[PDB]
Ligand SMILES: *[C@@H]1O[C@H](CO)[C@@H](O[C@@H]2O[C@H](CO)[C@@H](O[C@H]3O[C@H](CO)[C@@H](O)[C@H](O)[C@@H]3O)[C@H](O)[C@H]2NC(C)=O)[C@H](O)[C@H]1NC(C)=O
Ligand SMILES: OC[C@H]1O[C@H](O[C@H]2[C@H](O)[C@@H](O)[C@H](O)O[C@@H]2CO)[C@H](O)[C@@H](O)[C@@H]1O
């Protein structure tokens, strides 16, 4: 089993204990660590933060302690406009340029591969995403003739049916990618005025209306679409999604006024790190959807849908029974990396819970 963990660039700026550098990453925790978000500039891969070449270096020294570790650099991301990828992909001149620029960059900084995080290709992009992958992998084969090891190529793919039908030729791209991370955790959108969980494992009862918004469906769907099971990796989140209630209704379907208030460290409307959730639990009422097999909580007018040790071990067992390649954890820096926020004694409680199940057969 593979355990793919993303580390985010901007987490260094978090205040106090929230600050996180590659430094804190247990090198024996994951099989692949993905340094998150390289920019693309002048149609060539490039850094994003002023000190990336330093953190790049910091992350890859982890490999000196665990020579089995594999690292990748993700290009694209949530603050990299999708129209920008589009321009690059749909114009072969600029596409060959981006591709030719990649190997040297990775080799120079000690990475073992590239992760494409084109956040959502549209109807008019499908044919092009396929070319980018096909050609990018082709370039990777050639570059291995130099006697060095073949660089790995991966993609972070939407787990929403409409999104999947719209922009990906999964039968094609999966025959060329080394693995595919299914973004199975951003299901309840950014658009409802109703309370819901962003990562149910299963479908459930109250949900007679939005039927394919759970991990089980996404998986089954990728599978019948042509993706081999051993190239599929199911994303497990380490963050929670908050909501500010509009009535004293705490249960299923209650109305909301908007996203939840910002975490003291994470400073961002609608999102809380698991370590922020851990502090949030004291004084909160914890509930758990039996159907979807995921928990949520409430205090005053704050409703939080998150993942805990149990639900994460569950998603992990599922992944094993359907025989997937492994799990992906979004944000090593959103988990309790210091291990001094969540009561239990461990470092990275959530990610460790996944490793344990992956390792137990
Ligand atoms: C990611 O790459 C982006 C390039 O695709 C880049 O945005 C752009 O480049 C700079 C901003 O850094 C802006 O500025 C200009 O610099 C020249 C050099 O002196 C000036 O003579 C010109 O006035 C020019 O405008 C660009 O306007 C901007 N636009 C584009 C289309 O690239 C970002 O800087 C990169 N993002 C990060 C976070 O590093
Ligand atoms: O630089 C990109 C931004 O990434 C985050 O966004 C949420 C994302 O919108 C959601 O789809 C995903 O499931 O989780 C991440 C949590 O990391 C950051 O919260 C932003 O601060 C970043 O700017």
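Using ideal geometry, Cβ is built from the backbone for each residue, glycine included, and neighbour counts are taken over all protein chains shown. Read-outs: derived from the displayed coordinates by stated rules, not from any lab.
Worth pointing out:
- A quarter of the convex hull surface defined by the alpha-carbon atoms of the chain gives 17.4 nm² as the mean projection.
- Spin-label model distance (nm) - residue 141 vs residue 360, 7 Å beyond Cα toward Cβ: 4.2 nm
- Ranking of 20, 278, 342 by neighbouring Cβ atoms within 10 Å, starting from the fewest: 278, 342, 20.
- Centre separation in Å (Cα based) which lies between region 16-60 and region 128-181: 21 Å
- Taking the square roots of 5 times each eigenvalue of the Cα gyration tensor of region 38-95, largest first, gives ellipsoid semi-axes of 28, 13, 10 Å.
- FRET efficiency estimate (nearest 0.05) - Cβ-Cβ, residue 290 to residue 42, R0 41 angstrom: 0.15
- Burial order of peptide ranges 263-269, 60-66, 31-37 (average beta-carbon count within 10 Å, highest first): 31-37, 263-269, 60-66
- Paramagnetic reach from residue 301 (point 7 Å along Cα→Cβ, amide N under 18 Å) across region 172-207: 193-196
- In units of the compact-protein estimate 2.2 N^0.38 Å, region 59-128 shows a Cα radius of gyration of 1.32.
- Percentage of interatomic Cα-Cα distances in region 187-336 larger than 27 Å: 22 percent
- Using the empirical formula 2.2 N^0.38 Å as the baseline, the Cα radius of gyration of region 178-228 reaches a ratio of 1.24.
- Per-residue [θ]222 nm for the chain (sum of -39500 (n - 2.57) over DSSP H runs n ≥ 4, rounded to 500): -9000 deg cm²/dmol
- Kirkwood hydrodynamic radius (C-alpha pairs) into Stokes-Einstein, region 239-306, 10 °C and 1.306 mPa s, D in µm²/s: 133 µm²/s
- Note on residue 66/residue 212: beta-carbon distance plugged into 1/(1 + (r/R0)^6) with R0 of 45 Å gives a FRET efficiency of 0.70.
- For the chain, the longest principal axis of the alpha carbon atoms and the long axis of helix 92-109 meet at an angle near 80°.
- Residue ranges 9-18, 149-158 sort as 149-158, 9-18 when ordered by packing (mean number of other C-beta atoms within 10 Å per residue, highest first).
- Region 338-361 versus region 236-250: alpha-carbon centroid distance in Å: 23 Å
- Proportion of all alpha-carbon pairs of region 125-223 beyond 20 Å (%): 48 percent
- Efficiency of FRET from Cβ geometry, residue 161 and residue 257, R₀ 41 Å, rounded to 0.05: 0.90
- Kirkwood-type hydrodynamic radius, region 207-258: 14.2 Å, calculated from all non-identical alpha-carbon pairs.
- Distance between the pseudo-spin-label points of residue 50 and residue 175 (7 Å out from Cα toward the beta carbon): 4.8 nm.
- For the chain, the relative contact order is 16 percent, taking Cα pairs closer than 8 Å that sit 6 or more residues apart in sequence and dividing their mean separation by the residue count.
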